[PDB]
Structure formats: structure tokens, C-alpha cells
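Chains as they are written, first to last, in the deposited numbering: chain H, 1 to 104; chain M, 3 to 322; chain G, 57 to 168. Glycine included, every Cβ here is placed at the ideal spot set by N, Cα and C. What follows is a single structure, written as C-alpha cells, with notes after it.
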Amino acid sequence: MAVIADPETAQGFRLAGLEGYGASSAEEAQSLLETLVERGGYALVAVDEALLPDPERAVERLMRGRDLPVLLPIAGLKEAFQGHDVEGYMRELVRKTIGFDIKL
Amino acid sequence: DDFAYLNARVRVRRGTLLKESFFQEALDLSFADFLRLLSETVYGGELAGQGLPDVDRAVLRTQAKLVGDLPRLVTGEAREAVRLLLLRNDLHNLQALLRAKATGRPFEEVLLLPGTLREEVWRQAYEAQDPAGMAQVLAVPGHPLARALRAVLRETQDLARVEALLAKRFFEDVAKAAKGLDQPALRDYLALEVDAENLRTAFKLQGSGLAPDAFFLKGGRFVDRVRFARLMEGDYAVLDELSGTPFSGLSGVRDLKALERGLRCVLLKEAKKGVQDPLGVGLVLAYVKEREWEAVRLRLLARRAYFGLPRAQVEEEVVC
Amino acid sequence: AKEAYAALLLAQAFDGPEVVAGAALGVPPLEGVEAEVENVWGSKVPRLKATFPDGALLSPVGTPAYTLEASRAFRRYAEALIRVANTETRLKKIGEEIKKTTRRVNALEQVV
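Right under this line is the structure:
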């Protein structure tokens, strides 16, 4: 596995026994994303929302096939006082997915 | 040797301390107000720039400047006493060194915080064939860790059980040296720390089901080995059995967070008794523990301002 | 998430930054995840399983205290993480299979 959020965030994951990276800017977040994609790391990558909102881009450009490093737009802790607005994320997901946003 | 010439600079450094209102007003800041208040603080004299890591590095540099000199500027029985005050960082550096030697990462892997001996000795200890040879390279005369690791070193080459037993023998030899000094209060404070660490190992190992006698240590006065086994089992009544001792408010608790919080509270309250001894060495130990509580408060307020913590989110951190 | 970031903030506030760096550079082998086979309506998808070095943990006498609570915290964090991963990947594949069917329906109908 691997995550990228922040060095302060990533050292908790390294304390879990899980590979961490951390980038202050969004472009450097795609840089470290590109790094672990090219160095194909065990198939999972979590990415903070604040850096990349929908981090599908590097793997759909590079590893278009095989679906292997699973991406997750994870929530960051300074923003986890709010709690990601999980319902709004789910609405955004189904609207991205099958196009048709409705109410559950 | 002279427990008064150092005590004068100790009183001067005790004059350089922040009040409780310096943190109470720091309950509402935005890390720029906190940066300005730290810029007013002496610990911000090493204030490099902006950011949490710069703040923590400045705090470490300020701790090295104001606290690291206490290991120096003294020689003799007073030096042998004051060496066993800032010893947790040294044992932590030795534990990270043993972990790195047994693991295989780079010698510049851990960041190697400031302790008592030269850091060049720690760099030279990265290359040593024998563990006893590494101990002799790390051997200071009055270092208790040097005598502890050598005595624990007659088991194997390099083991993790050797490291845990070395920590146990380190606490044991620390208690032996604390009994082996002419200090009326330092032995009591060290024994309180030993019993608190025994309770901490008990709470961290509660429910593990391992052998408690292999886990329990010797050197305390506040508890019993039967009380240790009762704490190993799921019985908070043994924690309720602490009556009259310094473990007074530690009662009715099962969660280790608030448990060790109150344990640190009782330890700091016992450290507050060090102002009674203006002639020995415990006043300097009280100053060191005060700087430690200030350091925990500083990194706490730093995390609070950098991540925007609620005042309720850290309300259980400044109660004492 | 909120419990694990709280434990990490408390362990780095109270206990030192350097000692939690030192206790976290000493590492379990960190690996063990694998993408095993699932079959959903004409497609294999990767279902991940857990990491599991958590049977091998450092410092049986935990020499910091609040740090080992964070090492217990981020394992539950990573476990809920892989649960969310191997649910959302199924939801992705089902949603796009469905919209593929709709575009095959409308193509087949309005042409043939």
C-alpha cells in the first residue's frame, strides 16, 4: 500500500507499517503519485482530498489497463473536523458514475 | 559537585518560564498569534520561519540550549546525580540504534535527538562488530546505560528480547543508582516514576495474557506484585486500591489515555515538591520537568494551531 | 479517522516528534496485501485482503505509551481503508457495466 497526504499525516501511516509520502502542492502530489505508480507498489494508493480531489488521472494515463493501484480520495485531518460531507461525496459519485443524480 | 552554583543558574532559568496565562491566552490563536507570542517567547529565539516543523525544530533547539547545558557545567557526585534526569531521550536513542542495527536501515535513518553524550559516538557506534564493543564505544563512566547494556549483553548477539530486558535492567539499574545516592527526594521521585512505568506497562499489557512476573519490574513502593497481577487482569479495583499514595486521582479509570494523563499529572505534582529542596538537586529536576511540561504544552498548542483544534479537543491537556 | 488522527496528534504533542520518528522507522515488514479474484458479470476485479504484520509488533514493553495507541489506531484505520477500497471498486464496476448496457441497448435498438 501507500498513502499521500502530508508528512505529519504520512508518519502516522509509516507508524502503521504502511508506506507514506507527503506533498504540500497538488502538482507534487501528482509527482509522488506518478512515483509510486511507476514503482508499482503492492496495489493500493490513498490520496488526500485537499491535494487531488479525484486522483484517477495518473493511473488512467499510465496504467489504463489492469486496474491495479486502487485509488482512494481520502479525507484530511484539518478538514476532518468537517467530515468530508460524505453524503455530498456519494451524490457526486453516482452523478459521475451513471450520470443521473437523484435523492436517496 | 557544588549543588548551589548550578542552583543559582537553575533559579535564573526558573525565572525564565512562561505562566499558565501564556497558555490560557493561547487557547485562542491562529498560529500567527501563536507565532507572535512565541516570537515574544525565549523559545522563539531559535524561531526559523513559519510552519509546524520549523516550530518543533525551534522547540528542540531551545530545549537543547536551555536544558542541554544542565548535563554539562557540573562534575562529581552532582554530575552522577544530574545525569539521571534527562535519560529518556538517551535510552530512546539507544533503542532506535539497536532497532536500526537489527533492522538494516541507514545510520542516518532515525533523527537522533539530543541527549547526554556526543552524537559522534552515536555515529561511530553504527559500525561495530560486537555488541559489547558497541557498548564500550558507548561507554561513559557515569552513564547508567553503559553499565546496563553490558550486563544485559551476556545473553546473545542482538535480540529484541535482549532490548526489552535491557530496558528492564535499565530501569532496574536506574533504581539501584537512585537508592545509591545521598538524595532524600530523588530516590522518591525515581521510585514514583518506576511504579508509574510499571502501571503503564500493566495498562499497555492489560488483556495481553502474557506472564506478568516477566513483565513486572522491581524498584517501586506504591504497588505490589500481586497488585501488579490484579492490574494485569481486568480488575480496576487495584487501581482503586491506590489510596494515600501519589496515585490518588487515578481511580475508576480503564482507558489508558486519561490513565497515563493522570499518571503524568501525579508525576508533575510530585515534581512540584522539588521546590522544597533549594540546596540539593531536586530543584533542578523540578526545573527540567517544568520545561518538559512546557514542551508538551508547546507541541500541543503547536498541533492545535496548525490543525485548528477545538478548545474541547485539548481541554484534557492543561487541567494541571 | 477522527479517533486515529486524535491519537496521533496526542502522541506527537506529548511525546516527542523525534522519538515517534524513531519508533516508526523501526518497521514491521509493511506488506502482505494482495489483489485476489472476484468475478462480477463478466469481469474479474481485484478484491484486496488485509496486510497482516500486526501479529509481529515492536516493543513488547512499550517504551512510549501514547505512541503505541497510535500504532494500534492506524491498523484499524488501514483496515477500514481496505474495506472501503474493496467495496468502492465493486461499485465502480457495477455502475459502468450498467451504463455500458444502456449504451448497447440504445445502439442496438436505434440501429438494428
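CB contact below 9 Å: residue i versus chain H
{"i": "residue 71 of chain G", "result": "no"}
{"i": "residue 68 of chain G", "result": "yes"}
{"i": "residue 123 of chain G", "result": "yes"}
{"i": "residue 87 of chain G", "result": "yes"}
{"i": "residue 143 of chain M", "result": "no"}
Delimiting residues of the alpha helix (DSSP H) encompassing residue i
{"i": "residue 45 of chain G", "result": "No statement about residue 45 of chain G is possible, as the shown extent of chain G runs from 57 to 168 and does not include it."}
{"i": "residue 100 of chain G", "result": "Not the alpha helix (DSSP H): residue 100 of chain G falls in the beta strand (DSSP E), residues 100-104."}
{"i": "residue 188 of chain M", "result": "188-206"}
{"i": "residue 215 of chain M", "result": "214-217"}
{"i": "residue 112 of chain G", "result": "Segment: none, residue 112 of chain G is in no alpha helix (DSSP H) and carries neither H nor E."}
{"i": "residue 71 of chain G", "result": "Careful: residue 71 of chain G lies outside any alpha helix (DSSP H) and carries neither H nor E."}
{"i": "residue 94 of chain M", "result": "90-105"}
{"i": "residue 136 of chain M", "result": "133-139"}
Proximal chain M residues relative to residue i, where beta-carbon distance stays under 9 Å
{"i": "residue 8 of chain H", "result": "54, 55, 305, 308, 309"}
{"i": "residue 78 of chain H", "result": "308, 309, 310"}
{"i": "residue 84 of chain G", "result": "Per Cβ cutoff of 9 Å: no residues; residue 84 of chain G is ~10 Å from chain M at best."}
C-beta atoms of residue i and residue j nearer than 9 Å
{"i": "residue 261 of chain M", "j": "residue 285 of chain M", "result": "no"}
{"i": "residue 58 of chain H", "j": "residue 30 of chain H", "result": "yes"}
{"i": "residue 87 of chain M", "j": "residue 72 of chain M", "result": "yes"}
{"i": "residue 62 of chain H", "j": "residue 45 of chain H", "result": "no"}
{"i": "residue 70 of chain H", "j": "residue 143 of chain G", "result": "no"}
{"i": "residue 330 of chain M", "j": "residue 144 of chain M", "result": "Given that chain M is displayed from residue 3 to residue 322, the structure contains no residue 330 of chain M and the question cannot be resolved."}
{"i": "residue 256 of chain M", "j": "residue 318 of chain M", "result": "no"}
{"i": "residue 295 of chain M", "j": "residue 270 of chain M", "result": "yes"}
{"i": "residue 320 of chain M", "j": "residue 302 of chain M", "result": "yes"}
{"i": "residue 96 of chain M", "j": "residue 62 of chain M", "result": "no"}
CB contact below 9 Å: residue i versus chain M
{"i": "residue 96 of chain H", "result": "no"}
{"i": "residue 13 of chain H", "result": "no"}
{"i": "residue 74 of chain G", "result": "yes"}
{"i": "residue 99 of chain G", "result": "no"}
{"i": "residue 57 of chain G", "result": "no"}
{"i": "residue 60 of chain G", "result": "no"}
Where residue i meets chain G, residues with beta-carbon distance less than 7 Å
{"i": "residue 97 of chain M", "result": "119"}
Under 8 Å by beta carbon: chain H residues contacting residue i
{"i": "residue 146 of chain G", "result": "Under the 8 Å cutoff, chain H gives no residues; its nearest Cβ is about 11 Å from residue 146 of chain G."}
{"i": "residue 102 of chain G", "result": "43, 67, 68, 70"}
{"i": "residue 156 of chain G", "result": "Result: empty, since nearest Cβ-Cβ is about 11 Å, beyond 8 Å."}
{"i": "residue 78 of chain G", "result": "Chain H residues near residue 78 of chain G: none, gap ~11 Å exceeds 8 Å."}
Residue interval of the beta strand (DSSP E) (run including residue i)
{"i": "residue 46 of chain H", "result": "45-48"}
{"i": "residue 72 of chain H", "result": "71-74"}
Amino acids of chain H, ordered along the chain, whose beta-carbon sits closer than 9 Å to that of residue i
{"i": "residue 161 of chain G", "result": "Within chain H, no residue comes near residue 161 of chain G; the closest Cβ sits about 14 Å away, beyond 9 Å."}
{"i": "residue 109 of chain G", "result": "17"}
Cβ-heavy atom distance, residue i to the ligand MN, below 8 Å
{"i": "residue 50 of chain H", "result": "The ligand content of the structure shown is nil, which means the ligand MN is not present either."}
7 Å Cβ cut-off: residues of chain H touching residue i
{"i": "residue 105 of chain G", "result": "Within 7 Å Cβ-Cβ: nothing; residue 105 of chain G doesn't reach chain H, min ~11 Å."}
Interface flag, residue i vs chain G, CB-CB below 9 Å
{"i": "residue 4 of chain H", "result": "no"}
{"i": "residue 36 of chain H", "result": "no"}
{"i": "residue 13 of chain M", "result": "no"}
{"i": "residue 298 of chain M", "result": "yes"}
{"i": "residue 291 of chain M", "result": "no"}
Within chain G, partners of residue i - CB distance below 9 Å
{"i": "residue 247 of chain M", "result": "Ordered by position in chain G, no residue passes the 9 Å Cβ test against residue 247 of chain M, which lies about 20 Å from the chain."}
Chain C contact for residue i (CB, 9 Å cutoff)
{"i": "residue 105 of chain M", "result": "Here the protein chains are H, M and G, and chain C is not one of them."}
Chain G contacts from the stretch 15-32 of chain H (Cβ-Cβ distance under 7 Å)
Under the 7 Å Cβ criterion, the stretch 15-32 of chain H contributes 15, 16, 17, 18, 19.
Quick one: which residues of the stretch 51-70 of chain H get their C-beta closer than 9 Å to a C-beta of chain M? List them in chain order.
Of all residues in the stretch 51-70 of chain H, none has a Cβ within less than 9 Å of some Cβ in chain M.
Identify each residue in the stretch 123-141 of chain G for which the Cβ-Cβ distance to at least one residue of chain H is less than 9 Å, and report them in chain order.
Along the stretch 123-141 of chain G, the positions whose C-beta sits under 9 Å from a C-beta of chain H are 123, 126, 127, 129, 130, 131, 133, 134, 137, 138, 140, 141, read in chain order.
Please name the residues in the stretch 81-94 of chain H whose beta-carbon is closer than 8 Å to at least one beta-carbon of chain M, in chain order.
Taking 8 Å as the cut-off between beta carbons, the residues of the stretch 81-94 of chain H near chain M are 81, in sequence order.
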